[PDB]
file entry19.json (JSON, C-alpha atoms and all ligand atoms)
[["chain", "number", "residue", "atom", "x", "y", "z"],
["T", 36, "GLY", "CA", -57.18, -19.69, -81.13],
["T", 37, "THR", "CA", -54.97, -22.67, -80.32],
["T", 38, "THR", "CA", -53.09, -22.14, -77.06],
["T", 39, "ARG", "CA", -49.80, -23.71, -76.04],
["T", 40, "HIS", "CA", -48.74, -25.05, -72.66],
["T", 41, "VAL", "CA", -45.25, -26.06, -71.60],
["T", 42, "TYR", "CA", -44.44, -27.91, -68.40],
["T", 43, "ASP", "CA", -41.37, -29.35, -66.74],
["T", 44, "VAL", "CA", -39.75, -30.28, -63.47],
["T", 45, "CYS", "CA", -37.11, -27.87, -62.28],
["T", 46, "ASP", "CA", -36.14, -25.18, -59.83],
["T", 47, "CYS", "CA", -37.96, -21.85, -60.12],
["T", 48, "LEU", "CA", -34.76, -19.90, -60.78],
["T", 49, "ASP", "CA", -33.79, -22.25, -63.61],
["T", 50, "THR", "CA", -37.20, -21.66, -65.19],
["T", 51, "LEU", "CA", -37.11, -17.89, -64.79],
["T", 52, "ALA", "CA", -33.53, -17.68, -66.06],
["T", 53, "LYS", "CA", -34.67, -19.16, -69.39],
["T", 54, "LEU", "CA", -37.44, -16.58, -69.81],
["T", 55, "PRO", "CA", -36.77, -13.23, -71.57],
["T", 56, "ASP", "CA", -37.64, -9.80, -70.14],
["T", 57, "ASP", "CA", -41.26, -8.61, -70.32],
["T", 58, "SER", "CA", -42.43, -11.87, -71.93],
["T", 59, "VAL", "CA", -45.08, -12.91, -69.40],
["T", 60, "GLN", "CA", -48.50, -11.34, -68.75],
["T", 61, "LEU", "CA", -49.46, -13.05, -65.46],
["T", 62, "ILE", "CA", -47.68, -15.02, -62.78],
["T", 63, "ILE", "CA", -49.59, -17.29, -60.38],
["T", 64, "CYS", "CA", -47.41, -17.61, -57.31],
["T", 65, "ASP", "CA", -48.14, -19.96, -54.39],
["T", 66, "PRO", "CA", -44.57, -20.46, -53.00],
["T", 67, "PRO", "CA", -43.27, -22.59, -50.17],
["T", 68, "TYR", "CA", -42.78, -20.44, -47.08],
["T", 69, "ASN", "CA", -39.62, -22.07, -45.79],
["T", 70, "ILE", "CA", -36.17, -22.61, -47.26],
["T", 71, "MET", "CA", -34.37, -25.96, -47.61],
["T", 72, "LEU", "CA", -31.67, -27.27, -45.29],
["T", 73, "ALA", "CA", -29.09, -26.76, -48.06],
["T", 74, "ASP", "CA", -30.32, -23.20, -48.61],
["T", 75, "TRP", "CA", -28.53, -22.29, -45.39],
["T", 76, "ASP", "CA", -25.27, -22.36, -47.34],
["T", 77, "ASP", "CA", -26.13, -19.05, -49.02],
["T", 78, "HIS", "CA", -28.99, -17.51, -47.03],
["T", 79, "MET", "CA", -29.71, -16.30, -43.51],
["T", 80, "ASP", "CA", -33.49, -16.11, -43.92],
["T", 81, "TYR", "CA", -36.49, -16.81, -46.12],
["T", 82, "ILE", "CA", -36.44, -13.49, -47.97],
["T", 83, "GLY", "CA", -32.76, -13.88, -48.79],
["T", 84, "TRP", "CA", -33.93, -16.75, -50.99],
["T", 85, "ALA", "CA", -37.36, -15.45, -52.02],
["T", 86, "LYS", "CA", -36.01, -12.09, -53.19],
["T", 87, "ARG", "CA", -34.16, -13.90, -56.00],
["T", 88, "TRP", "CA", -37.29, -15.25, -57.69],
["T", 89, "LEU", "CA", -39.29, -12.13, -56.80],
["T", 90, "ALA", "CA", -36.79, -9.97, -58.69],
["T", 91, "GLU", "CA", -36.76, -12.45, -61.58],
["T", 92, "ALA", "CA", -40.56, -12.59, -61.67],
["T", 93, "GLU", "CA", -40.73, -8.81, -62.00],
["T", 94, "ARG", "CA", -38.17, -8.99, -64.82],
["T", 95, "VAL", "CA", -40.09, -11.48, -66.98],
["T", 96, "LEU", "CA", -43.39, -9.65, -66.46],
["T", 97, "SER", "CA", -44.46, -7.30, -69.25],
["T", 98, "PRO", "CA", -45.21, -3.60, -68.54],
["T", 99, "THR", "CA", -48.89, -4.54, -68.38],
["T", 100, "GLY", "CA", -48.25, -7.67, -66.32],
["T", 101, "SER", "CA", -49.13, -8.72, -62.78],
["T", 102, "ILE", "CA", -48.25, -11.33, -60.18],
["T", 103, "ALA", "CA", -50.62, -12.84, -57.64],
["T", 104, "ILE", "CA", -48.89, -14.20, -54.54],
["T", 105, "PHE", "CA", -50.69, -16.57, -52.15],
["T", 106, "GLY", "CA", -49.68, -16.48, -48.51],
["T", 107, "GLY", "CA", -50.76, -16.20, -44.90],
["T", 108, "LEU", "CA", -50.17, -13.69, -42.12],
["T", 109, "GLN", "CA", -49.48, -16.21, -39.35],
["T", 110, "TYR", "CA", -45.67, -16.44, -39.58],
["T", 111, "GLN", "CA", -44.34, -17.49, -36.15],
["T", 112, "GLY", "CA", -40.78, -16.21, -36.42],
["T", 113, "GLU", "CA", -39.02, -19.52, -37.20],
["T", 114, "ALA", "CA", -35.61, -19.05, -38.81],
["T", 115, "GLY", "CA", -35.72, -19.84, -42.52],
["T", 116, "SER", "CA", -39.48, -19.35, -42.79],
["T", 117, "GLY", "CA", -41.80, -16.42, -43.39],
["T", 118, "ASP", "CA", -45.19, -15.41, -44.78],
["T", 119, "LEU", "CA", -46.86, -13.00, -47.19],
["T", 120, "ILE", "CA", -45.97, -10.09, -44.91],
["T", 121, "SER", "CA", -42.29, -11.03, -45.14],
["T", 122, "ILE", "CA", -42.68, -10.76, -48.90],
["T", 123, "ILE", "CA", -44.73, -7.55, -48.87],
["T", 124, "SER", "CA", -42.31, -5.68, -46.59],
["T", 125, "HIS", "CA", -39.44, -6.73, -48.84],
["T", 126, "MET", "CA", -41.32, -5.53, -51.93],
["T", 127, "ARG", "CA", -42.10, -2.13, -50.37],
["T", 128, "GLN", "CA", -38.41, -1.61, -49.73],
["T", 129, "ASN", "CA", -36.87, -3.02, -52.91],
["T", 130, "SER", "CA", -39.44, -3.16, -55.70],
["T", 131, "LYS", "CA", -41.25, -0.57, -57.79],
["T", 132, "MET", "CA", -44.19, -2.88, -58.35],
["T", 133, "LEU", "CA", -47.54, -1.57, -57.14],
["T", 134, "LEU", "CA", -49.63, -3.49, -54.65],
["T", 135, "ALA", "CA", -52.92, -3.16, -56.54],
["T", 136, "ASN", "CA", -54.83, -5.26, -53.99],
["T", 137, "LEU", "CA", -54.48, -7.37, -50.88],
["T", 138, "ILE", "CA", -57.14, -9.98, -51.49],
["T", 139, "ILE", "CA", -58.68, -11.94, -48.65],
["T", 140, "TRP", "CA", -59.68, -15.49, -49.47],
["T", 141, "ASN", "CA", -62.29, -16.31, -46.83],
["T", 142, "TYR", "CA", -63.08, -20.03, -46.81],
["T", 143, "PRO", "CA", -66.14, -21.55, -44.94],
["T", 144, "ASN", "CA", -64.68, -24.55, -43.11],
["T", 145, "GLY", "CA", -61.55, -25.29, -41.14],
["T", 146, "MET", "CA", -60.15, -26.47, -37.82],
["T", 147, "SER", "CA", -61.59, -25.30, -34.53],
["T", 148, "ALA", "CA", -59.76, -23.36, -31.81],
["T", 149, "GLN", "CA", -60.27, -22.91, -28.09],
["T", 150, "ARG", "CA", -57.56, -20.33, -27.46],
["T", 151, "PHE", "CA", -58.18, -17.98, -30.39],
["T", 152, "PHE", "CA", -60.37, -17.16, -33.37],
["T", 153, "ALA", "CA", -60.55, -20.13, -35.74],
["T", 154, "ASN", "CA", -58.60, -19.38, -38.92],
["T", 155, "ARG", "CA", -60.80, -18.91, -41.97],
["T", 156, "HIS", "CA", -58.66, -16.85, -44.32],
["T", 157, "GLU", "CA", -55.64, -16.85, -46.58],
["T", 158, "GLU", "CA", -54.35, -13.86, -48.54],
["T", 159, "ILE", "CA", -53.46, -13.02, -52.12],
["T", 160, "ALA", "CA", -51.15, -10.10, -52.79],
["T", 161, "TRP", "CA", -51.66, -8.73, -56.28],
["T", 162, "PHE", "CA", -48.64, -6.80, -57.48],
["T", 163, "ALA", "CA", -48.74, -4.96, -60.81],
["T", 164, "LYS", "CA", -45.47, -4.17, -62.58],
["T", 165, "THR", "CA", -46.62, -0.71, -63.65],
["T", 166, "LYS", "CA", -49.65, 1.56, -63.49],
["T", 167, "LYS", "CA", -50.60, 0.39, -66.99],
["T", 168, "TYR", "CA", -51.36, -3.12, -65.74],
["T", 169, "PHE", "CA", -54.15, -4.95, -67.52],
["T", 170, "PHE", "CA", -57.45, -5.44, -65.69],
["T", 171, "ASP", "CA", -60.67, -6.97, -66.95],
["T", 172, "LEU", "CA", -63.21, -6.28, -64.20],
["T", 173, "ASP", "CA", -66.20, -7.13, -66.42],
["T", 174, "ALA", "CA", -64.80, -10.64, -66.87],
["T", 175, "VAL", "CA", -65.16, -11.29, -63.11],
["T", 176, "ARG", "CA", -68.16, -9.18, -62.10],
["T", 177, "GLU", "CA", -70.90, -11.07, -60.27],
["T", 178, "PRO", "CA", -74.34, -10.68, -61.92],
["T", 179, "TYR", "CA", -77.40, -9.69, -59.91],
["T", 180, "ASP", "CA", -80.52, -11.86, -60.02],
["T", 181, "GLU", "CA", -83.34, -10.71, -62.31],
["T", 182, "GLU", "CA", -85.40, -9.46, -59.37],
["T", 183, "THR", "CA", -82.62, -7.38, -57.81],
["T", 184, "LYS", "CA", -81.38, -6.31, -61.23],
["T", 185, "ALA", "CA", -84.91, -5.09, -62.01],
["T", 186, "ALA", "CA", -85.09, -3.11, -58.78],
["T", 187, "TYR", "CA", -81.80, -1.35, -59.53],
["T", 188, "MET", "CA", -82.91, -0.67, -63.09],
["T", 189, "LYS", "CA", -85.87, 1.28, -61.72],
["T", 190, "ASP", "CA", -83.51, 3.38, -59.59],
["T", 191, "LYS", "CA", -82.52, 6.15, -62.00],
["T", 192, "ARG", "CA", -79.85, 7.28, -59.52],
["T", 193, "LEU", "CA", -77.93, 4.17, -60.62],
["T", 194, "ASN", "CA", -76.05, 3.69, -63.89],
["T", 195, "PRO", "CA", -77.95, 0.96, -65.82],
["T", 196, "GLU", "CA", -74.71, -0.19, -67.46],
["T", 197, "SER", "CA", -73.08, -1.00, -64.11],
["T", 198, "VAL", "CA", -76.22, -2.90, -63.15],
["T", 199, "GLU", "CA", -76.37, -5.19, -66.17],
["T", 200, "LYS", "CA", -72.61, -5.82, -66.01],
["T", 201, "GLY", "CA", -72.84, -6.97, -62.38],
["T", 202, "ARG", "CA", -70.96, -6.05, -59.24],
["T", 203, "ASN", "CA", -67.27, -5.82, -58.47],
["T", 204, "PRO", "CA", -66.45, -9.03, -56.62],
["T", 205, "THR", "CA", -64.52, -6.87, -54.10],
["T", 206, "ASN", "CA", -61.17, -7.83, -52.50],
["T", 207, "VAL", "CA", -62.79, -10.37, -50.16],
["T", 208, "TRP", "CA", -63.62, -13.63, -51.87],
["T", 209, "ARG", "CA", -65.79, -16.14, -50.09],
["T", 210, "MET", "CA", -64.79, -19.38, -51.79],
["T", 211, "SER", "CA", -64.35, -22.94, -50.59],
["T", 212, "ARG", "CA", -61.07, -24.80, -50.45],
["T", 213, "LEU", "CA", -60.84, -28.29, -51.90],
["T", 214, "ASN", "CA", -61.96, -31.17, -49.70],
["T", 215, "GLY", "CA", -60.55, -34.69, -49.58],
["T", 216, "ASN", "CA", -63.34, -35.92, -51.86],
["T", 217, "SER", "CA", -63.13, -33.08, -54.38],
["T", 218, "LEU", "CA", -63.34, -34.03, -58.06],
["T", 219, "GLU", "CA", -60.37, -31.94, -59.15],
["T", 220, "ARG", "CA", -58.07, -33.38, -56.44],
["T", 221, "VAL", "CA", -54.83, -34.89, -57.79],
["T", 222, "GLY", "CA", -53.04, -35.70, -54.54],
["T", 223, "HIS", "CA", -51.05, -32.52, -53.84],
["T", 224, "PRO", "CA", -51.32, -31.46, -50.14],
["T", 225, "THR", "CA", -51.79, -27.75, -50.94],
["T", 226, "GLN", "CA", -53.81, -28.00, -54.15],
["T", 227, "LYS", "CA", -55.66, -24.76, -54.85],
["T", 228, "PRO", "CA", -59.20, -24.74, -56.35],
["T", 229, "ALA", "CA", -59.61, -23.85, -60.02],
["T", 230, "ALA", "CA", -62.26, -21.31, -58.97],
["T", 231, "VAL", "CA", -59.73, -19.03, -57.26],
["T", 232, "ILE", "CA", -57.11, -19.29, -60.04],
["T", 233, "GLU", "CA", -59.82, -18.70, -62.67],
["T", 234, "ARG", "CA", -60.76, -15.36, -61.15],
["T", 235, "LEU", "CA", -57.12, -14.31, -61.15],
["T", 236, "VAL", "CA", -56.57, -15.45, -64.74],
["T", 237, "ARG", "CA", -59.73, -13.81, -66.11],
["T", 238, "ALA", "CA", -59.13, -10.47, -64.41],
["T", 239, "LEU", "CA", -55.35, -10.17, -64.65],
["T", 240, "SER", "CA", -54.54, -11.48, -68.15],
["T", 241, "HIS", "CA", -55.93, -11.15, -71.65],
["T", 242, "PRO", "CA", -56.80, -14.02, -74.04],
["T", 243, "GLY", "CA", -53.81, -15.55, -75.79],
["T", 244, "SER", "CA", -51.41, -14.09, -73.20],
["T", 245, "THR", "CA", -48.90, -16.13, -71.20],
["T", 246, "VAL", "CA", -49.58, -17.27, -67.64],
["T", 247, "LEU", "CA", -46.53, -18.46, -65.65],
["T", 248, "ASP", "CA", -46.41, -20.60, -62.50],
["T", 249, "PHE", "CA", -42.96, -21.70, -61.21],
["T", 250, "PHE", "CA", -44.33, -23.42, -58.08],
["T", 251, "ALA", "CA", -47.09, -25.14, -60.10],
["T", 252, "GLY", "CA", -47.74, -27.90, -57.55],
["T", 253, "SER", "CA", -50.90, -29.63, -58.79],
["T", 254, "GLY", "CA", -50.69, -27.90, -62.16],
["T", 255, "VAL", "CA", -54.12, -26.31, -61.70],
["T", 256, "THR", "CA", -52.83, -23.18, -63.44],
["T", 257, "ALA", "CA", -52.32, -24.94, -66.78],
["T", 258, "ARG", "CA", -55.79, -26.46, -66.55],
["T", 259, "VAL", "CA", -57.31, -23.03, -65.96],
["T", 260, "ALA", "CA", -55.17, -21.40, -68.65],
["T", 261, "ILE", "CA", -56.32, -23.98, -71.19],
["T", 262, "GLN", "CA", -60.00, -23.56, -70.22],
["T", 263, "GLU", "CA", -59.67, -19.76, -70.37],
["T", 264, "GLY", "CA", -57.82, -19.45, -73.69],
["T", 265, "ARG", "CA", -54.43, -18.39, -72.32],
["T", 266, "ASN", "CA", -50.99, -19.87, -72.92],
["T", 267, "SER", "CA", -49.05, -21.21, -69.97],
["T", 268, "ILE", "CA", -45.76, -22.32, -68.52],
["T", 269, "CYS", "CA", -45.90, -24.48, -65.39],
["T", 270, "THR", "CA", -42.91, -25.86, -63.51],
["T", 271, "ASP", "CA", -42.28, -27.37, -60.08],
["T", 272, "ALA", "CA", -39.17, -28.86, -58.45],
["T", 273, "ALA", "CA", -40.97, -32.05, -57.37],
["T", 274, "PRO", "CA", -40.82, -34.92, -59.92],
["T", 275, "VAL", "CA", -44.35, -35.95, -58.94],
["T", 276, "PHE", "CA", -45.47, -32.69, -60.58],
["T", 277, "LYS", "CA", -45.50, -34.45, -63.95],
["T", 278, "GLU", "CA", -48.09, -36.94, -62.67],
["T", 279, "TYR", "CA", -50.32, -34.14, -61.39],
["T", 280, "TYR", "CA", -50.06, -32.12, -64.59],
["T", 281, "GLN", "CA", -51.06, -35.18, -66.61],
["T", 282, "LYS", "CA", -53.96, -35.67, -64.21],
["T", 283, "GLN", "CA", -55.06, -32.06, -64.63],
["T", 284, "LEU", "CA", -55.32, -32.75, -68.35],
["T", 285, "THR", "CA", -57.70, -35.69, -67.86],
["T", 286, "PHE", "CA", -60.08, -33.24, -66.17],
["T", 287, "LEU", "CA", -60.24, -31.43, -69.52],
["T", 297, "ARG", "CA", -61.10, -26.13, -77.70],
["T", 298, "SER", "CA", -57.67, -25.99, -79.32],
["T", 299, "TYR", "CA", -54.48, -26.32, -77.28],
["T", 300, "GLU", "CA", -51.11, -28.00, -77.46],
["T", 301, "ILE", "CA", -49.21, -29.55, -74.55],
["T", 302, "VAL", "CA", -45.41, -29.55, -74.72],
["T", 303, "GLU", "CA", -42.96, -31.00, -72.21],
["T", 304, "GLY", "CA", -39.51, -29.53, -71.61],
["T", 305, "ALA", "CA", -38.05, -26.23, -70.46],
["T", 306, "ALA", "CA", -36.30, -26.06, -73.83],
["T", 307, "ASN", "CA", -39.73, -25.40, -75.33],
["T", 308, "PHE", "CA", -40.80, -22.45, -73.16],
["T", 309, "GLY", "CA", -40.92, -20.29, -76.28],
["T", 310, "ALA", "CA", -43.90, -22.25, -77.60],
["T", 311, "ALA", "CA", -46.00, -20.65, -74.85],
["T", 312, "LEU", "CA", -44.42, -17.19, -75.08],
["T", 313, "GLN", "CA", -45.57, -16.69, -78.67],
["T", 314, "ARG", "CA", -48.74, -14.60, -78.84],
["R", 1, "LIG", "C1", -47.84, -24.34, -51.90],
["R", 1, "LIG", "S1", -47.19, -25.41, -53.22],
["R", 1, "LIG", "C2", -48.10, -24.87, -54.73],
["R", 1, "LIG", "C3", -49.55, -25.42, -54.84],
["R", 1, "LIG", "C4", -50.30, -24.93, -56.10],
["R", 1, "LIG", "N1", -50.75, -23.54, -55.97],
["R", 1, "LIG", "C5", -51.47, -25.90, -56.35],
["R", 1, "LIG", "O1", -52.60, -25.42, -56.45],
["R", 1, "LIG", "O2", -51.22, -27.11, -56.45],
["R", 1, "LIG", "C6", -45.47, -24.93, -53.51],
["R", 1, "LIG", "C7", -44.74, -25.78, -54.55],
["R", 1, "LIG", "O3", -43.42, -25.31, -54.75],
["R", 1, "LIG", "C8", -42.56, -26.39, -55.01],
["R", 1, "LIG", "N2", -41.21, -25.91, -54.67],
["R", 1, "LIG", "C9", -40.54, -25.77, -53.50],
["R", 1, "LIG", "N3", -39.31, -25.27, -53.63],
["R", 1, "LIG", "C10", -39.14, -25.05, -55.00],
["R", 1, "LIG", "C11", -38.16, -24.55, -55.86],
["R", 1, "LIG", "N4", -36.96, -24.12, -55.39],
["R", 1, "LIG", "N5", -38.37, -24.48, -57.22],
["R", 1, "LIG", "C12", -39.55, -24.91, -57.73],
["R", 1, "LIG", "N6", -40.55, -25.40, -56.98],
["R", 1, "LIG", "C13", -40.33, -25.46, -55.64],
["R", 1, "LIG", "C14", -43.12, -27.52, -54.14],
["R", 1, "LIG", "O4", -42.72, -28.74, -54.77],
["R", 1, "LIG", "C15", -44.62, -27.28, -54.24],
["R", 1, "LIG", "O5", -45.37, -28.09, -55.14],
["R", 2, "CL", "CL", -56.61, -3.76, -51.05]]
call {"tool": "encode", "arguments": {"input": "entry19.json", "output": "structure tokens", "more": "lines below"}}
Ligand SMILES: C[S@@+](CC[C@H](N)C(=O)[O-])C[C@H]1O[C@@H](n2cnc3c(N)ncnc32)[C@H](O)[C@@H]1O
Ligand SMILES: [Cl-]
result
Amino acid sequence: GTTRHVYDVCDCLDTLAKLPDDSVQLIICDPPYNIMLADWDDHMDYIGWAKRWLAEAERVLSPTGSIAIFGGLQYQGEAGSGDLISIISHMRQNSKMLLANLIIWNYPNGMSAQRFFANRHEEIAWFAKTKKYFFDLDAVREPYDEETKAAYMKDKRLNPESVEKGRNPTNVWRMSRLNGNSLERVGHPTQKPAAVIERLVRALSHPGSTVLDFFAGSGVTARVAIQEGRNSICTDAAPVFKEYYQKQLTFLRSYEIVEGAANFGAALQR
């Protein structure tokens, strides 16, 4: 089961434009939440820009595909910026995709605050293209310890199968963010931990399927895809992305790495 991974530096719309309809199983999306100065030539707000890649993302997703969008709920109203809610409202009005879950990523540490409740969460909006979306709950269930598992097994009111398979991790994930001394750190300011991406990849895509990330950043998605047996396409507009991707690889089974948007097909093949 040799997987293929293509990467390149380019704008998200240029990546998406080269991808055929219903060719991708899962999209990992952790977008910037502000437009560029030049973007003011064609847009009046964040969504005016974001709607373009959101529509394109839905197009390349297969009938069984899903997209996980990272974002916060602290938007302050600045012109040209927005947050996950700006995206969700837009989707409710213009997209047929189903919001399967609004996941809360609750991290342990963070800054303090004297005038409000210290922020300890970030969200993940999981949109499924259709009601036939793929979902592998068993792949992400959290096992019970032997003691607790033994107690439940004695409770005949409970289904023994559910017990041995573990519990649903729920839509609130208590996971840590990366620290400045983390091993997987590559230098990217908003690098996401492999742990969070892994849960998304295992539950929202099947083995050998294609995972797409057009705001790849640190390239963590490709690393996870490779470790999980999926194919992947990772692109970012920042040239430095190439350095991070290469770094991700050093942290690493049969897989092939291919550079160049002209080779996207290599990762689309089942
Ligand atoms: C929040 S970061 C993604 C971080 C990623 N989840 C990680 O774990 O490293 C957003 C990324 O989008 C890129 N970006 C911004 N505008 C873009 C555009 N028009 N096309 C492609 N990438 C863009 C930035 O360079 C940045 O790396
Ligand atoms: Cl929910």
call {"tool": "residues_around", "arguments": {"input": "entry19.json", "residues": "residue 272 in chain T", "least_positions_apart": "4", "cutoff": "9 Å", "atoms": "only C-alpha atoms", "output": "list in words"}}
result
residues 43, 44, 45, 46, 47, 249, 250, 251, 252 and 276 of chain T
call {"tool": "residues_around", "arguments": {"input": "entry19.json", "residues": "residue 183 in chain T", "least_positions_apart": "4", "cutoff": "12 Å", "atoms": "all atoms listed in the file", "output": "list in words"}}
result
residues 178, 179, 187, 188, 189, 190, 198, 199, 201 and 202 of chain T
call {"tool": "atom_distance", "arguments": {"input": "entry19.json", "atom1": "CA of residue 64 in chain T", "atom2": "CA of residue 244 in chain T"}}
result
16.8 Å
call {"tool": "residues_near_point", "arguments": {"input": "entry19.json", "point": "(-59.8, -21.3, -68.5)", "cutoff": "10 Å", "atoms": "only C-alpha atoms", "output": "PDB file with C-alpha atoms, keeping the file's coordinate frame"}}
result
ATOM      1  CA  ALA T 229     -59.610 -23.850 -60.020  1.00  0.00           C
ATOM      2  CA  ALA T 230     -62.260 -21.310 -58.970  1.00  0.00           C
ATOM      3  CA  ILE T 232     -57.110 -19.290 -60.040  1.00  0.00           C
ATOM      4  CA  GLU T 233     -59.820 -18.700 -62.670  1.00  0.00           C
ATOM      5  CA  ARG T 234     -60.760 -15.360 -61.150  1.00  0.00           C
ATOM      6  CA  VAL T 236     -56.570 -15.450 -64.740  1.00  0.00           C
ATOM      7  CA  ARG T 237     -59.730 -13.810 -66.110  1.00  0.00           C
ATOM      8  CA  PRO T 242     -56.800 -14.020 -74.040  1.00  0.00           C
ATOM      9  CA  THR T 256     -52.830 -23.180 -63.440  1.00  0.00           C
ATOM     10  CA  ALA T 257     -52.320 -24.940 -66.780  1.00  0.00           C
ATOM     11  CA  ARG T 258     -55.790 -26.460 -66.550  1.00  0.00           C
ATOM     12  CA  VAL T 259     -57.310 -23.030 -65.960  1.00  0.00           C
ATOM     13  CA  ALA T 260     -55.170 -21.400 -68.650  1.00  0.00           C
ATOM     14  CA  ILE T 261     -56.320 -23.980 -71.190  1.00  0.00           C
ATOM     15  CA  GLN T 262     -60.000 -23.560 -70.220  1.00  0.00           C
ATOM     16  CA  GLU T 263     -59.670 -19.760 -70.370  1.00  0.00           C
ATOM     17  CA  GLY T 264     -57.820 -19.450 -73.690  1.00  0.00           C
ATOM     18  CA  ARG T 265     -54.430 -18.390 -72.320  1.00  0.00           C
ATOM     19  CA  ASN T 266     -50.990 -19.870 -72.920  1.00  0.00           C
TER      20      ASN T 266
END
call {"tool": "atom_distance", "arguments": {"input": "entry19.json", "atom1": "CA of residue 130 in chain T", "atom2": "atom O4 of ligand LIG 1 (chain R)"}}
result
25.8 Å
call {"tool": "residues_near_ligand", "arguments": {"input": "entry19.json", "ligand": "ligand LIG 1 (chain R)", "cutoff": "10 Å", "atoms": "only C-alpha atoms and all ligand atoms", "output": "VMD selection string"}}
result
chain T and resid 44 to 50 63 to 71 74 84 to 85 88 104 to 106 213 220 to 229 231 to 232 248 to 256 269 to 276 279 to 280
call {"tool": "residues_near_ligand", "arguments": {"input": "entry19.json", "ligand": "ligand CL 2 (chain R)", "cutoff": "10 Å", "atoms": "only C-alpha atoms and all ligand atoms", "output": "compact mmCIF listing (two decimals) with C-alpha atoms, in the coordinates of the input"}}
result
# COMPACT_ATOMS: atom_id res chain seq x y z
CA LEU T 134 -49.63 -3.49 -54.65
CA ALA T 135 -52.92 -3.16 -56.54
CA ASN T 136 -54.83 -5.26 -53.99
CA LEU T 137 -54.48 -7.37 -50.88
CA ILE T 138 -57.14 -9.98 -51.49
CA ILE T 139 -58.68 -11.94 -48.65
CA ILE T 159 -53.46 -13.02 -52.12
CA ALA T 160 -51.15 -10.10 -52.79
CA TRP T 161 -51.66 -8.73 -56.28
CA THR T 205 -64.52 -6.87 -54.10
CA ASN T 206 -61.17 -7.83 -52.50
CA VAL T 207 -62.79 -10.37 -50.16
call {"tool": "atom_distance", "arguments": {"input": "entry19.json", "atom1": "CA of residue 126 in chain T", "atom2": "CA of residue 90 in chain T"}}
result
9.3 Å
call {"tool": "closest_residue", "arguments": {"input": "entry19.json", "among": "T:158, T:113, T:181, T:57", "to": "residue 79 in chain T", "atoms": "all atoms listed in the file"}}
result
T:113
call {"tool": "axis_aligned_box", "arguments": {"input": "entry19.json", "around": "range 208-226 of chain T", "padding_each_side": "3 Å", "output": "JSON"}}
result
{"center_x": -58.4, "center_y": -24.8, "center_z": -54.4, "size_x": 20.7, "size_y": 28.3, "size_z": 15.6}
call {"tool": "closest_residue", "arguments": {"input": "entry19.json", "among": "T:101, T:149, T:197, T:124", "to": "residue 247 in chain T", "atoms": "only C-alpha atoms"}}
result
T:101
call {"tool": "closest_residue", "arguments": {"input": "entry19.json", "among": "T:60, T:267, T:211, T:203", "to": "residue 144 in chain T", "atoms": "all atoms listed in the file"}}
result
T:211
call {"tool": "closest_residue", "arguments": {"input": "entry19.json", "among": "T:309, T:204, T:98, T:83", "to": "residue 176 in chain T", "atoms": "all atoms listed in the file"}}
result
T:204
call {"tool": "residues_around", "arguments": {"input": "entry19.json", "residues": "residue 100 in chain T", "least_positions_apart": "3", "cutoff": "7 Å", "atoms": "all atoms listed in the file", "output": "ChimeraX atom specification"}}
result
/T:59-61,96-97,163-164,168-169
call {"tool": "decode", "arguments": {"input": "entry19.json", "residues": "range 136-143 of chain T", "atoms": "N, CA, C and O atoms", "output": "mmCIF file, in the first residue's frame"}}
result
data_model
loop_
_atom_site.group_PDB
_atom_site.id
_atom_site.type_symbol
_atom_site.label_atom_id
_atom_site.label_comp_id
_atom_site.auth_asym_id
_atom_site.auth_seq_id
_atom_site.Cartn_x
_atom_site.Cartn_y
_atom_site.Cartn_z
ATOM 1 N N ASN T 136 -20.580 18.345 12.708
ATOM 2 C CA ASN T 136 -20.142 18.612 14.075
ATOM 3 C C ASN T 136 -19.396 19.929 14.179
ATOM 4 O O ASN T 136 -18.710 20.357 13.245
ATOM 5 N N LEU T 137 -19.564 20.570 15.326
ATOM 6 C CA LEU T 137 -18.823 21.763 15.671
ATOM 7 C C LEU T 137 -17.974 21.275 16.834
ATOM 8 O O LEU T 137 -18.460 21.124 17.964
ATOM 9 N N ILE T 138 -16.721 20.966 16.524
ATOM 10 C CA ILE T 138 -15.790 20.427 17.491
ATOM 11 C C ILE T 138 -15.068 21.504 18.273
ATOM 12 O O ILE T 138 -14.603 22.497 17.714
ATOM 13 N N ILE T 139 -14.988 21.302 19.582
ATOM 14 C CA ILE T 139 -14.294 22.240 20.447
ATOM 15 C C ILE T 139 -12.951 21.656 20.846
ATOM 16 O O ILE T 139 -12.884 20.585 21.466
ATOM 17 N N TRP T 140 -11.885 22.343 20.454
ATOM 18 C CA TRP T 140 -10.539 21.940 20.818
ATOM 19 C C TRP T 140 -10.160 22.743 22.058
ATOM 20 O O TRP T 140 -9.842 23.936 21.975
ATOM 21 N N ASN T 141 -10.246 22.080 23.205
ATOM 22 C CA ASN T 141 -9.955 22.684 24.502
ATOM 23 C C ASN T 141 -8.518 22.399 24.936
ATOM 24 O O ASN T 141 -8.204 21.297 25.377
ATOM 25 N N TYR T 142 -7.646 23.389 24.803
ATOM 26 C CA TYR T 142 -6.256 23.205 25.203
ATOM 27 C C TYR T 142 -6.021 23.729 26.626
ATOM 28 O O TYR T 142 -6.604 24.735 27.033
ATOM 29 N N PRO T 143 -5.166 23.031 27.399
ATOM 30 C CA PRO T 143 -4.756 23.272 28.793
ATOM 31 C C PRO T 143 -4.175 24.648 29.133
ATOM 32 O O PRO T 143 -4.686 25.337 30.018
#
